[PDB]
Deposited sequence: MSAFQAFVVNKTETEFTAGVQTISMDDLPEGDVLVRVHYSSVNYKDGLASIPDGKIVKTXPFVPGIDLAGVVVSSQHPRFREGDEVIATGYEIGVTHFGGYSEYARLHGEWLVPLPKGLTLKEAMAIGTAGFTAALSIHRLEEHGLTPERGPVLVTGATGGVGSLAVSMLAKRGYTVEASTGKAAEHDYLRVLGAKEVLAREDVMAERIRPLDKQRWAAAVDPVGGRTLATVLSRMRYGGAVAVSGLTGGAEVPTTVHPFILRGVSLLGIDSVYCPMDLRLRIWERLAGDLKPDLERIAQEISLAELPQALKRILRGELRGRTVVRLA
């Protein structure tokens, strides 16, 4: 009792550790809500938190994991009584504040999202930050004019977390989806998620009514060449390094919008709206996208996402 396991990253005098070890209740930082973590997931950002030069974590003894789903053990009066299934993504979690790769997490009441009717904690983590990023992107495109009747929608990080999830969300909304990836042997998978066409990495001059780029932008010059007049691109994520900028001219000439999607600091009112959508009209096909691993299998998954060999979504069952 009061002694549980967590993936911990450390950095002393020219030495780096990253493994599952046992930690205590007192190692958890200041919070007003105590949560027993049922699930977490693996994100690329979480991969960067597991390595020294990742440029995410800037403080030593740390518990990564930007994603959380579980049950309230104890807390305060922030609208949370024990036994409540709560979700926690974004903010300082897994970056500045101890995160979800732990059996227990201690957080601020202002960061929790009461689990919407229509989602399991596992399904909530299967979606995770990635799904939130995908949902917000589509949400944002839709208030900007996107409907299935405007034309096909391109998605470029198709096999990754955000990409797989977006394809699914768009296909189930009735959109004609074209998906692009850089790995062959990924085509069948993309079609199963509902993509009508799949593109090998590389009508005249205006095919897509909208696009979703979850790779920091880095295929923007490709996406801009075949954008319809009035279209938009929702961009999010990181590349891998090596920034890829765009010219501005193509946005001006075709009246196209670039919508920066940030899942970290999204305000609570919108956050709640997105989670309602994720429980209803933007609920993806998690059975064909997500796979589950245990806390002890986590190190390997963080290596893989960093190397770019993780497809779809990976949820971590805690304990």
Q) In sequence order, what intervals of the deposited sequence carry no C-alpha positions? A) 203-211
